[PDB]
Amino acid sequence: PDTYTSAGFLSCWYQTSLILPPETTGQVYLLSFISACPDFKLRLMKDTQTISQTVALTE
Amino acid sequence: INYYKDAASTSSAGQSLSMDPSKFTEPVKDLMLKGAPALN
Amino acid sequence: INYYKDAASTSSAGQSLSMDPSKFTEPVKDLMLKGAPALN
Amino acid sequence: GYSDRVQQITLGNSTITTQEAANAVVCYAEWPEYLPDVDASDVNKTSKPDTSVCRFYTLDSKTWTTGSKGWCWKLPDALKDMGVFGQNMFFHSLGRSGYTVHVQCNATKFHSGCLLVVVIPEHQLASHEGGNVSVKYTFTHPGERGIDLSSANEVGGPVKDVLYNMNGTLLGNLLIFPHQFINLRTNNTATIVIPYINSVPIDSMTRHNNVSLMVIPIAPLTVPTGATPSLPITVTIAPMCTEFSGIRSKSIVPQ
Amino acid sequence: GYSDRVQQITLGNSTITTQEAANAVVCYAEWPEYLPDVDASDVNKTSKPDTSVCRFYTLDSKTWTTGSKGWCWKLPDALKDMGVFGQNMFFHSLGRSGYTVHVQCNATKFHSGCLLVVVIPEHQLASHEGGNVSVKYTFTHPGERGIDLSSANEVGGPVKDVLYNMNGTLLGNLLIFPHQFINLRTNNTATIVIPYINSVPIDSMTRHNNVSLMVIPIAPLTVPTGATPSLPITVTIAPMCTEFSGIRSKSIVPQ
Amino acid sequence: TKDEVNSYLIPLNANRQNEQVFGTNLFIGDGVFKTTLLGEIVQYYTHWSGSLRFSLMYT
Amino acid sequence: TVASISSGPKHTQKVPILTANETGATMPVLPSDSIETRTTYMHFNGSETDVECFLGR
Amino acid sequence: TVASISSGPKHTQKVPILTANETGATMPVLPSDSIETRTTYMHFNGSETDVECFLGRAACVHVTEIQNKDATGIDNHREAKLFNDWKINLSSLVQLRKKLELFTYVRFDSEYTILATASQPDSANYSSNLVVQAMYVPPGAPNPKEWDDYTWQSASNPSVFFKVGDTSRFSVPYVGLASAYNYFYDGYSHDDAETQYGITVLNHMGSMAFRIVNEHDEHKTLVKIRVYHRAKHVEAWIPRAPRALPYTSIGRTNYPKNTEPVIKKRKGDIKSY
């Protein structure tokens, strides 16, 4: 994450509202996915902050 | 120019420039057209 | 002979031999001819 | 597998999808278009902001309850404050526009209720005082809030009696105007495309509204047992083919 | 009978006439043009308000007196509040523009004085504090008022020393930038056409100014005997080929 | 507060009007995005450019 | 190669943005299916994401 | 090519030497417009003033230092110079900086040469032979914390291993995010009231971390790293006035207060020779 280079925000709101049928109750859920369009470019490979270690593993 | 006899000794391979995500993004049995309804 | 695959790895570029100072020395909108009066 | 039923409208940087439409009406069978030269009078070149003004603005939501009488919005007023559409509006002397109106109201297969969604060209309102009392400016320029036909008479405001369309004609005959119904059992949206309708080629956007959009409950809302007794109604509207002309200082309007 | 001397520039709904010009400069010999697709990156269609933004805005006038050090305006800042140009500016994520700058100063055949009118692409100012003190935002966004090089150092503001161009370079070498002189004895206006110059195809109009226009007295004003010792200088500027893209909510900027 | 199947579920409430369902910035290399496959690969590179596809499936 | 084509207003019966994710597919939706776009080119090949490159240092 | 043509007496109504500088032009006047000249040829092409040539020789851009010593009980390797990073810049040593800032935007590939020499300021039996590791750490990569972290595995990050006393050389493509690099930028990273001005993230050329691979010997060894940078494939736009006052900071234009007059005062009159 970098400021100059930042991309925006994504929000979601009720346009009208969720309505449940009779005999039904509680919360309903949305699942959300993300994938890249065919548009996408990635460059200049580097090391990931997502994995590290303190001693070599063994068998 | 390869200076060596064996194939393992050659440098890195060169870009697939293959690229076909459909085996991963659209492995459906009956073809889906964008714009047509998902479930008919 | 380039021994390397990438363009960044090649030696220095070779002389522009472009050279056109008019964008800097004469950026005037109406063309001025040397010898003709500057302001008419 | 195309149904009359599912639709997508993309306009500018905004898109609407409905999975339960009932076709769409195009007023008088004409689609919005720019002002041709043969029809032009003002000699000024006009400004066509295109995608920055021709996108969808969603007005604040209303709440249909069993006591609702109906709501009324005027155009271009309702949009007087939306993004760059509104700025352009206050800044040019003249402007012209068509719109896509999309009214939304979803419920379930146990609800009943039916709204009339109608567009009335030149809807001159009546004073509830009678005689020749006028309807002051502010009252006919409610902005995004629109007029709530179940609100009380106010002074200098219009009459809000529904069986009379706010003008001395019967609710039943509003069907002669481009309109579409939202019947919970069928429909969940209404969409009307409005071409620019005026007796002059371009006009002032602030002293004259050229259509009122009206949403009126006709078959009362009836919710399933022990359901909450109300549904929200949302109105989203997009200017289309907008042109502004005669730019200057920026109008100052009452109130 | 055309002279280099008389000129008319008509842009939008506004026209300028000068009867005492000294040709006009077109930065780097290039005239403003829109953004070609081959150079485009953002996929958004852009908005080109045309004549409503590409007209001439005259900023408030300055007063050249014998003690003046010079003034500095930044673009697009100077126009951040002019008509619809400004609205568009705060409302889109990205925008791009070229300009016609016309600086005016008339006197009589007894006055003397000579102003340098120069456009500096990417004029990064220096803090008068030295070291690595930054120059706060507000200080580099004076708006139509511009910066007055004879005003006092302020805290968080830039240095205002003229022999150093506000950046560690000498006044004498500003002539490498597109510029024109106003020598009372010759000239009464200066006109420079600025093409859009950036390292990206389109940018933010609020976090980055792409040129500073600078008017600097170099040969001091000398009025005839018992004349009032001062002349007003007026700056009129017109955006040209403006395009805005990525419309939304409307930026909020410091102060 | 501990990783759970539940942080994949965006809840929806019946009968709310005008209100907001969720919000997030778009730093694809951090925050919600970071553990997704997209987020996870983006992290092997320094620069990205392109369009993203965000979808919601209703349940 | 175009990265985005030019596309304008839409009012159709053909909605590319409504799908059924239950099917297991990721439908190839693009910016131009839901906003108005302008042409732009890719200027890029995806060279440095080739698996030979990824595992080759 | 002729450098001067032959030209003789003139008595005209056509005066090329009278102009109006107020216009902003520099009219192309020549010796032959105002004296009588003879033909002469140029014999010269202007080869060595090409911008590729001007920015194309190696310049020292950075000197750092690391030491090889027992890290036993060191709580902060970074602080003991057990290892060291450098965020690449071309504006810290002023010689090359003044040269680049003659232009507003610049685009080029870089060729780096890294010379490493060792010093043994206090009593050693010998000179050991150390191998340096230079890792290129792009923004977002884990940064080394100790001199022997998992980071140094550098499985995805380019790193070079060379010997102290030797030199390492490799070349990096133009890594800028935009089309060129702005050594000037009159902007902010966002419209914040207190964000930094001028220093931006589109002049970032990465960053580099150095360490010795060797464990410690009985004495201590100082290794001093010098990074040289050569621009190749240069492209420069918009010339600007040269730097007159001294520099104070990487990335800001700021000059020091109570600096000295930069124009030499005459010893004599305006009339003096």
# chains A, B, ... in the order shown; residues from 1 in each chain; ligands from 1

$ residues_around --residues "residue F:37" --least-positions-apart "3" --cutoff "12 Å" --atoms "only C-alpha atoms" --output "list in words"
residues 33, 34, 35 and 36 of chain A; 28, 29, 32, 33, 34, 40, 41, 42, 43 and 44 of chain F

$ closest_atom_pairs --of "chain G" --to "chain A" --cutoff "10 Å" --atoms "only C-alpha atoms" --output "CSV"
residue,atom,partner,partner_atom,distance
G:2,CA,A:39,CA,8.9
G:3,CA,A:39,CA,5.4
G:4,CA,A:39,CA,7.5
G:21,CA,A:33,CA,9.5
G:26,CA,A:35,CA,8.3
G:28,CA,A:37,CA,7.3
G:29,CA,A:37,CA,7.2
G:30,CA,A:37,CA,6.3
G:31,CA,A:37,CA,8.3
G:41,CA,A:39,CA,9.4
G:42,CA,A:39,CA,7.3
G:43,CA,A:41,CA,9.8
G:44,CA,A:41,CA,7.3
G:45,CA,A:41,CA,8.3
G:46,CA,A:41,CA,6.7
G:47,CA,A:43,CA,8.8
G:48,CA,A:43,CA,6.5
G:49,CA,A:42,CA,7.5
G:53,CA,A:45,CA,9.4
G:54,CA,A:45,CA,8.0

$ closest_atom_pairs --of "chain H" --to "chain A" --cutoff "12 Å" --atoms "only C-alpha atoms" --output "JSON lines"
{"residue": "H:135", "atom": "CA", "partner": "A:46", "partner_atom": "CA", "distance": 10.6}
{"residue": "H:136", "atom": "CA", "partner": "A:46", "partner_atom": "CA", "distance": 8.7}
{"residue": "H:137", "atom": "CA", "partner": "A:46", "partner_atom": "CA", "distance": 7.2}
{"residue": "H:138", "atom": "CA", "partner": "A:46", "partner_atom": "CA", "distance": 6.3}
{"residue": "H:139", "atom": "CA", "partner": "A:46", "partner_atom": "CA", "distance": 8.5}
{"residue": "H:140", "atom": "CA", "partner": "A:49", "partner_atom": "CA", "distance": 7.1}
{"residue": "H:141", "atom": "CA", "partner": "A:47", "partner_atom": "CA", "distance": 5.0}
{"residue": "H:142", "atom": "CA", "partner": "A:49", "partner_atom": "CA", "distance": 5.1}
{"residue": "H:143", "atom": "CA", "partner": "A:49", "partner_atom": "CA", "distance": 8.9}
{"residue": "H:144", "atom": "CA", "partner": "A:52", "partner_atom": "CA", "distance": 11.1}
{"residue": "H:145", "atom": "CA", "partner": "A:54", "partner_atom": "CA", "distance": 11.5}
{"residue": "H:146", "atom": "CA", "partner": "A:54", "partner_atom": "CA", "distance": 10.9}
{"residue": "H:148", "atom": "CA", "partner": "A:54", "partner_atom": "CA", "distance": 9.9}
{"residue": "H:149", "atom": "CA", "partner": "A:54", "partner_atom": "CA", "distance": 7.4}
{"residue": "H:150", "atom": "CA", "partner": "A:53", "partner_atom": "CA", "distance": 6.0}
{"residue": "H:151", "atom": "CA", "partner": "A:52", "partner_atom": "CA", "distance": 7.7}
{"residue": "H:152", "atom": "CA", "partner": "A:47", "partner_atom": "CA", "distance": 10.3}
{"residue": "H:153", "atom": "CA", "partner": "A:47", "partner_atom": "CA", "distance": 9.6}
{"residue": "H:154", "atom": "CA", "partner": "A:47", "partner_atom": "CA", "distance": 6.9}
{"residue": "H:155", "atom": "CA", "partner": "A:47", "partner_atom": "CA", "distance": 6.9}
{"residue": "H:156", "atom": "CA", "partner": "A:46", "partner_atom": "CA", "distance": 5.0}
{"residue": "H:157", "atom": "CA", "partner": "A:46", "partner_atom": "CA", "distance": 4.7}
{"residue": "H:158", "atom": "CA", "partner": "A:46", "partner_atom": "CA", "distance": 7.9}
{"residue": "H:159", "atom": "CA", "partner": "A:46", "partner_atom": "CA", "distance": 10.8}
{"residue": "H:172", "atom": "CA", "partner": "A:44", "partner_atom": "CA", "distance": 10.7}
{"residue": "H:173", "atom": "CA", "partner": "A:44", "partner_atom": "CA", "distance": 10.2}
{"residue": "H:174", "atom": "CA", "partner": "A:44", "partner_atom": "CA", "distance": 11.0}
{"residue": "H:175", "atom": "CA", "partner": "A:44", "partner_atom": "CA", "distance": 8.2}
{"residue": "H:176", "atom": "CA", "partner": "A:44", "partner_atom": "CA", "distance": 10.8}
{"residue": "H:177", "atom": "CA", "partner": "A:5", "partner_atom": "CA", "distance": 9.5}
{"residue": "H:178", "atom": "CA", "partner": "A:5", "partner_atom": "CA", "distance": 11.1}
{"residue": "H:187", "atom": "CA", "partner": "A:4", "partner_atom": "CA", "distance": 10.1}
{"residue": "H:188", "atom": "CA", "partner": "A:4", "partner_atom": "CA", "distance": 7.8}
{"residue": "H:189", "atom": "CA", "partner": "A:4", "partner_atom": "CA", "distance": 4.2}
{"residue": "H:190", "atom": "CA", "partner": "A:4", "partner_atom": "CA", "distance": 6.2}
{"residue": "H:191", "atom": "CA", "partner": "A:4", "partner_atom": "CA", "distance": 9.9}
{"residue": "H:192", "atom": "CA", "partner": "A:3", "partner_atom": "CA", "distance": 10.5}
{"residue": "H:195", "atom": "CA", "partner": "A:3", "partner_atom": "CA", "distance": 10.3}
{"residue": "H:196", "atom": "CA", "partner": "A:4", "partner_atom": "CA", "distance": 11.4}
{"residue": "H:197", "atom": "CA", "partner": "A:4", "partner_atom": "CA", "distance": 11.9}
{"residue": "H:198", "atom": "CA", "partner": "A:4", "partner_atom": "CA", "distance": 12.0}
{"residue": "H:199", "atom": "CA", "partner": "A:4", "partner_atom": "CA", "distance": 11.0}
{"residue": "H:200", "atom": "CA", "partner": "A:4", "partner_atom": "CA", "distance": 7.8}
{"residue": "H:201", "atom": "CA", "partner": "A:4", "partner_atom": "CA", "distance": 7.0}
{"residue": "H:202", "atom": "CA", "partner": "A:4", "partner_atom": "CA", "distance": 8.9}
{"residue": "H:205", "atom": "CA", "partner": "A:44", "partner_atom": "CA", "distance": 11.5}
{"residue": "H:206", "atom": "CA", "partner": "A:44", "partner_atom": "CA", "distance": 10.2}
{"residue": "H:207", "atom": "CA", "partner": "A:46", "partner_atom": "CA", "distance": 11.8}

$ write_last_selection --atoms "C-alpha atoms" --output "compact mmCIF listing (two decimals), in the first residue's frame"
# COMPACT_ATOMS: atom_id res chain seq x y z
CA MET H 135 20.19 -7.91 -2.46
CA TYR H 136 17.80 -5.71 -4.54
CA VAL H 137 14.78 -5.24 -2.23
CA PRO H 138 11.78 -3.81 -4.11
CA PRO H 139 9.12 -2.07 -1.98
CA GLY H 140 6.87 -4.67 -0.27
CA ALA H 141 9.50 -7.35 0.20
CA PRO H 142 10.41 -8.42 3.72
CA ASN H 143 13.44 -6.39 4.85
CA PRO H 144 16.40 -8.09 6.58
CA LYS H 145 16.36 -7.87 10.34
CA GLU H 146 19.47 -9.78 11.24
CA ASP H 148 21.33 -13.87 8.53
CA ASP H 149 17.49 -13.79 8.34
CA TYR H 150 15.33 -15.90 6.01
CA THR H 151 15.25 -12.72 3.90
CA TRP H 152 18.75 -13.36 2.63
CA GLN H 153 17.50 -16.55 0.97
CA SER H 154 16.31 -14.09 -1.63
CA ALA H 155 14.40 -16.71 -3.57
CA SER H 156 12.48 -14.21 -5.61
CA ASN H 157 14.64 -11.04 -5.29
CA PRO H 158 17.71 -10.54 -7.48
CA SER H 159 20.93 -10.73 -5.45
CA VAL H 172 18.55 -2.85 -14.26
CA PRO H 173 15.89 -1.79 -16.81
CA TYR H 174 14.08 1.55 -16.29
CA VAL H 175 11.94 0.69 -13.25
CA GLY H 176 9.89 3.92 -13.05
CA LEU H 177 6.14 3.68 -12.61
CA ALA H 178 5.42 6.51 -15.16
CA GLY H 187 2.90 18.07 -6.05
CA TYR H 188 1.92 15.93 -3.06
CA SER H 189 0.95 12.26 -2.74
CA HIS H 190 -2.54 13.36 -1.87
CA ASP H 191 -4.36 16.46 -0.81
CA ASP H 192 -3.30 16.17 2.84
CA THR H 195 1.92 15.54 3.65
CA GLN H 196 5.54 15.99 2.41
CA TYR H 197 5.98 18.18 -0.71
CA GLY H 198 8.22 17.35 -3.64
CA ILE H 199 9.61 13.96 -2.66
CA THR H 200 7.50 11.36 -4.62
CA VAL H 201 7.20 7.67 -5.21
CA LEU H 202 7.88 7.90 -8.94
CA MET H 205 14.50 2.99 -8.25
CA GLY H 206 14.20 0.33 -5.67
CA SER H 207 16.49 -0.18 -2.71

$ closest_atom_pairs --of "chain G" --to "chain E" --cutoff "6 Å" --atoms "only C-alpha atoms" --output "tab-separated table"
residue	atom	partner	partner_atom	distance
G:37	CA	E:44	CA	4.8
G:38	CA	E:45	CA	4.7
G:39	CA	E:37	CA	5.9
G:40	CA	E:37	CA	5.5

$ write_last_selection --atoms "N, CA, C and O atoms" --output "CSV table (one decimal), in the first residue's frame"
chain,number,residue,atom,x,y,z
G,37,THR,N,-16.4,2.8,-21.9
G,37,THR,CA,-14.9,2.9,-22.0
G,37,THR,C,-14.5,3.5,-23.3
G,37,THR,O,-15.3,3.8,-24.1
G,38,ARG,N,-13.2,3.7,-23.3
G,38,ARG,CA,-12.5,4.4,-24.5
G,38,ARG,C,-11.4,3.4,-24.9
G,38,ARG,O,-11.1,2.5,-24.0
G,39,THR,N,-10.9,3.4,-26.1
G,39,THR,CA,-9.9,2.4,-26.4
G,39,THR,C,-8.6,2.7,-25.7
G,39,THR,O,-8.2,3.9,-25.6
G,40,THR,N,-7.9,1.7,-25.3
G,40,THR,CA,-6.6,1.7,-24.7
G,40,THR,C,-5.9,0.4,-25.1
G,40,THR,O,-6.6,-0.6,-25.2

$ closest_residue --among "G:1, G:22, G:11, G:51" --to "chain F" --atoms "only C-alpha atoms"
G:22

$ residues_around --residues "residue D:20" --least-positions-apart "2" --cutoff "8 Å" --atoms "only C-alpha atoms" --output "list in words"
residues 5, 6, 18, 22, 186, 187, 188 and 189 of chain D

$ closest_atom_pairs --of "chain A" --to "chain D" --cutoff "12 Å" --atoms "only C-alpha atoms" --output "Markdown table"
| residue | atom | partner | partner_atom | distance |
| --- | --- | --- | --- | --- |
| A:13 | CA | D:58 | CA | 11.9 |
| A:14 | CA | D:61 | CA | 10.2 |
| A:15 | CA | D:234 | CA | 7.0 |
| A:16 | CA | D:232 | CA | 5.7 |
| A:17 | CA | D:232 | CA | 7.2 |
| A:18 | CA | D:107 | CA | 8.6 |
| A:19 | CA | D:107 | CA | 6.2 |
| A:20 | CA | D:108 | CA | 7.4 |
| A:21 | CA | D:108 | CA | 6.2 |
| A:22 | CA | D:224 | CA | 6.9 |
| A:23 | CA | D:225 | CA | 9.7 |
| A:24 | CA | D:227 | CA | 10.5 |
| A:25 | CA | D:227 | CA | 11.1 |

$ atom_distance --atom1 "atom CA of residue D:151" --atom2 "atom CA of residue D:73"
14.1 Å

$ closest_atom_pairs --of "chain C" --to "chain E" --cutoff "12 Å" --atoms "only C-alpha atoms" --output "JSON lines"
{"residue": "C:20", "atom": "CA", "partner": "E:28", "partner_atom": "CA", "distance": 11.1}
{"residue": "C:21", "atom": "CA", "partner": "E:28", "partner_atom": "CA", "distance": 9.8}
{"residue": "C:22", "atom": "CA", "partner": "E:29", "partner_atom": "CA", "distance": 7.8}
{"residue": "C:23", "atom": "CA", "partner": "E:28", "partner_atom": "CA", "distance": 4.6}
{"residue": "C:24", "atom": "CA", "partner": "E:28", "partner_atom": "CA", "distance": 6.0}
{"residue": "C:25", "atom": "CA", "partner": "E:176", "partner_atom": "CA", "distance": 8.7}
{"residue": "C:26", "atom": "CA", "partner": "E:29", "partner_atom": "CA", "distance": 7.8}
{"residue": "C:27", "atom": "CA", "partner": "E:29", "partner_atom": "CA", "distance": 4.8}
{"residue": "C:28", "atom": "CA", "partner": "E:25", "partner_atom": "CA", "distance": 4.4}
{"residue": "C:29", "atom": "CA", "partner": "E:24", "partner_atom": "CA", "distance": 5.3}
{"residue": "C:30", "atom": "CA", "partner": "E:23", "partner_atom": "CA", "distance": 6.4}
{"residue": "C:31", "atom": "CA", "partner": "E:23", "partner_atom": "CA", "distance": 8.8}
{"residue": "C:32", "atom": "CA", "partner": "E:23", "partner_atom": "CA", "distance": 9.0}
{"residue": "C:36", "atom": "CA", "partner": "E:4", "partner_atom": "CA", "distance": 11.9}
{"residue": "C:37", "atom": "CA", "partner": "E:4", "partner_atom": "CA", "distance": 10.0}
{"residue": "C:38", "atom": "CA", "partner": "E:4", "partner_atom": "CA", "distance": 8.2}
{"residue": "C:39", "atom": "CA", "partner": "E:4", "partner_atom": "CA", "distance": 5.8}
{"residue": "C:40", "atom": "CA", "partner": "E:3", "partner_atom": "CA", "distance": 4.8}

$ residues_around --residues "residue E:173" --least-positions-apart "2" --cutoff "10 Å" --atoms "only C-alpha atoms" --output "list in words"
residues 164, 165, 169, 170, 171, 175, 176 and 177 of chain E; 240, 241 and 242 of chain H

$ write_last_selection --atoms "C-alpha atoms" --output "tab-separated table (two decimals), in the first residue's frame"
chain	number	residue	atom	x	y	z
E	164	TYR	CA	16.83	32.34	-7.05
E	165	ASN	CA	13.52	31.47	-8.81
E	169	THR	CA	18.61	28.56	-9.73
E	170	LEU	CA	19.44	32.06	-10.99
E	171	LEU	CA	16.82	34.52	-12.33
E	175	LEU	CA	15.06	32.37	-20.24
E	176	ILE	CA	15.60	28.66	-21.01
E	177	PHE	CA	11.79	28.30	-20.24
H	240	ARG	CA	15.84	23.95	-16.97
H	241	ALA	CA	18.16	26.57	-15.43
H	242	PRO	CA	21.29	24.93	-13.84

$ decode --residues "stretch 22-38 of chain A" --atoms "N, CA, C and O atoms" --output "PDB file, in the first residue's frame"
ATOM      1  N   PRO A  22     -42.567 -14.905   4.636  1.00  0.00           N
ATOM      2  CA  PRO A  22     -43.140 -15.400   5.867  1.00  0.00           C
ATOM      3  C   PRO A  22     -42.436 -16.673   6.335  1.00  0.00           C
ATOM      4  O   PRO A  22     -41.871 -17.445   5.525  1.00  0.00           O
ATOM      5  N   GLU A  23     -42.543 -16.939   7.621  1.00  0.00           N
ATOM      6  CA  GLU A  23     -42.043 -18.203   8.183  1.00  0.00           C
ATOM      7  C   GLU A  23     -40.546 -18.237   8.118  1.00  0.00           C
ATOM      8  O   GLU A  23     -39.910 -19.282   8.324  1.00  0.00           O
ATOM      9  N   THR A  24     -39.950 -17.122   7.847  1.00  0.00           N
ATOM     10  CA  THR A  24     -38.479 -17.063   7.698  1.00  0.00           C
ATOM     11  C   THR A  24     -37.880 -16.047   8.573  1.00  0.00           C
ATOM     12  O   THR A  24     -38.500 -14.927   8.826  1.00  0.00           O
ATOM     13  N   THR A  25     -36.647 -16.265   9.010  1.00  0.00           N
ATOM     14  CA  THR A  25     -36.090 -15.185   9.899  1.00  0.00           C
ATOM     15  C   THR A  25     -34.622 -15.080  10.043  1.00  0.00           C
ATOM     16  O   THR A  25     -33.733 -15.945   9.750  1.00  0.00           O
ATOM     17  N   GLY A  26     -34.223 -13.882  10.540  1.00  0.00           N
ATOM     18  CA  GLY A  26     -32.777 -13.720  10.730  1.00  0.00           C
ATOM     19  C   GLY A  26     -31.979 -13.103   9.641  1.00  0.00           C
ATOM     20  O   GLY A  26     -32.437 -12.277   8.778  1.00  0.00           O
ATOM     21  N   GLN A  27     -30.660 -13.361   9.690  1.00  0.00           N
ATOM     22  CA  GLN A  27     -29.723 -12.756   8.733  1.00  0.00           C
ATOM     23  C   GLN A  27     -29.548 -13.641   7.505  1.00  0.00           C
ATOM     24  O   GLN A  27     -29.680 -14.882   7.715  1.00  0.00           O
ATOM     25  N   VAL A  28     -29.300 -12.995   6.397  1.00  0.00           N
ATOM     26  CA  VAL A  28     -28.961 -13.826   5.159  1.00  0.00           C
ATOM     27  C   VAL A  28     -27.538 -13.398   4.846  1.00  0.00           C
ATOM     28  O   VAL A  28     -27.144 -12.277   5.363  1.00  0.00           O
ATOM     29  N   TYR A  29     -26.741 -14.183   4.119  1.00  0.00           N
ATOM     30  CA  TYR A  29     -25.394 -13.696   3.815  1.00  0.00           C
ATOM     31  C   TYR A  29     -25.080 -13.647   2.357  1.00  0.00           C
ATOM     32  O   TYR A  29     -25.596 -14.500   1.628  1.00  0.00           O
ATOM     33  N   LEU A  30     -24.187 -12.783   1.973  1.00  0.00           N
ATOM     34  CA  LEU A  30     -23.630 -12.704   0.625  1.00  0.00           C
ATOM     35  C   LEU A  30     -22.199 -13.345   0.722  1.00  0.00           C
ATOM     36  O   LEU A  30     -21.604 -13.099   1.778  1.00  0.00           O
ATOM     37  N   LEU A  31     -21.787 -14.084  -0.245  1.00  0.00           N
ATOM     38  CA  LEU A  31     -20.404 -14.513  -0.393  1.00  0.00           C
ATOM     39  C   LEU A  31     -19.748 -13.521  -1.365  1.00  0.00           C
ATOM     40  O   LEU A  31     -20.501 -13.137  -2.344  1.00  0.00           O
ATOM     41  N   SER A  32     -18.510 -13.163  -1.207  1.00  0.00           N
ATOM     42  CA  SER A  32     -17.934 -12.193  -2.231  1.00  0.00           C
ATOM     43  C   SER A  32     -16.678 -12.752  -2.817  1.00  0.00           C
ATOM     44  O   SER A  32     -15.802 -13.350  -2.066  1.00  0.00           O
ATOM     45  N   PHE A  33     -16.439 -12.636  -4.128  1.00  0.00           N
ATOM     46  CA  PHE A  33     -15.193 -13.156  -4.721  1.00  0.00           C
ATOM     47  C   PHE A  33     -14.332 -12.058  -5.304  1.00  0.00           C
ATOM     48  O   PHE A  33     -14.905 -10.978  -5.553  1.00  0.00           O
ATOM     49  N   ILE A  34     -13.056 -12.283  -5.579  1.00  0.00           N
ATOM     50  CA  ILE A  34     -12.214 -11.358  -6.343  1.00  0.00           C
ATOM     51  C   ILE A  34     -11.310 -12.171  -7.315  1.00  0.00           C
ATOM     52  O   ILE A  34     -10.759 -13.236  -6.906  1.00  0.00           O
ATOM     53  N   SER A  35     -11.169 -11.694  -8.500  1.00  0.00           N
ATOM     54  CA  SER A  35     -10.302 -12.164  -9.575  1.00  0.00           C
ATOM     55  C   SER A  35      -9.898 -10.986 -10.463  1.00  0.00           C
ATOM     56  O   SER A  35     -10.579  -9.913 -10.399  1.00  0.00           O
ATOM     57  N   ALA A  36      -8.883 -11.107 -11.264  1.00  0.00           N
ATOM     58  CA  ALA A  36      -8.386 -10.030 -12.113  1.00  0.00           C
ATOM     59  C   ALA A  36      -8.943 -10.082 -13.501  1.00  0.00           C
ATOM     60  O   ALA A  36      -9.032 -11.271 -14.027  1.00  0.00           O
ATOM     61  N   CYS A  37      -9.207  -9.004 -14.145  1.00  0.00           N
ATOM     62  CA  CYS A  37      -9.662  -8.986 -15.570  1.00  0.00           C
ATOM     63  C   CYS A  37      -8.475  -9.330 -16.445  1.00  0.00           C
ATOM     64  O   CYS A  37      -7.289  -9.380 -16.012  1.00  0.00           O
ATOM     65  N   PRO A  38      -8.735  -9.577 -17.721  1.00  0.00           N
ATOM     66  CA  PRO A  38      -7.700 -10.006 -18.668  1.00  0.00           C
ATOM     67  C   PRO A  38      -6.783  -8.862 -19.008  1.00  0.00           C
ATOM     68  O   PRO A  38      -5.707  -9.092 -19.660  1.00  0.00           O
TER      69      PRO A  38
END
